[PDB]
């Protein structure tokens, strides 16, 4: 909603289609889908709607932004993608990273998130400190996703389901381990695990737990745990919105 996507050339569109295929094979073989989803999300999640700064405009590869503590480990993702990006010189880095995030979800068995090309790479990274803090709660989540990014409460809960793939690392954030028993499979298990309590060997952040005690978030957790199709629909909507923050008159 509210989007007017730009025209790109036929050659640009051909490159998007071929890069999507190459990214599927690469991400599947390297087992790095979670890290790639995290890269796309940390690129997009810096958007501030009031100032129209930050967002998915390719700045995450700049050494200054990779140095943000919230981005520990993402230098690995940038390096992994560099040889592939060099095969598609016509594409913006902004588009390439967002495409990699869409592909990460698809190859782990998640929904097909719509993708529209045309993001232009911006020169300057946003200031540090916009991404969410795992030790904080619902008020903080609404400040970051709502007041800054302009996303809804439904989007907060569905996007938190990104933790259905991957793990934390004690050398990156300090937290450690996977949220689910199948960290390379995208399904509604994040919500099932959240509801059943703490199982040994699985992770829950304070920010995950905040979803269970908030009056608006909890019904959504319950719905997604009961209905994976509802989760997939809402996730696809929210990821598309995230990947387009500030893009295509926003």
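Residue numbers count along the first chain shown, from 1.
As the entry records it, the average C-alpha temperature factor is higher for 116-124, out of 168-176 and 116-124. The question of which stretch, 191-199 or 32-40, has the higher mean Cα B factor is settled in favour of 191-199. Listed residues 138, 160, 92, 98 were ranked by CA B-factor as deposited; 138 comes out on top. Ranked against the other modelled residues of its chain, the C-alpha B-factor of residue 74 as given in the entry falls in the middle third. Ranked by C-alpha B-factor against the other modelled residues of its chain, residue 151 falls in the highest third. When the modelled residues of the chain are ordered by C-alpha B-factor, residue 129 sits in the highest third. Sorting the modelled residues of the chain by their CA temperature factor places residue 236 in the lowest third. Sort the chain's modelled residues by C-alpha temperature factor and residue 184 lands in the lowest third, per the entry.
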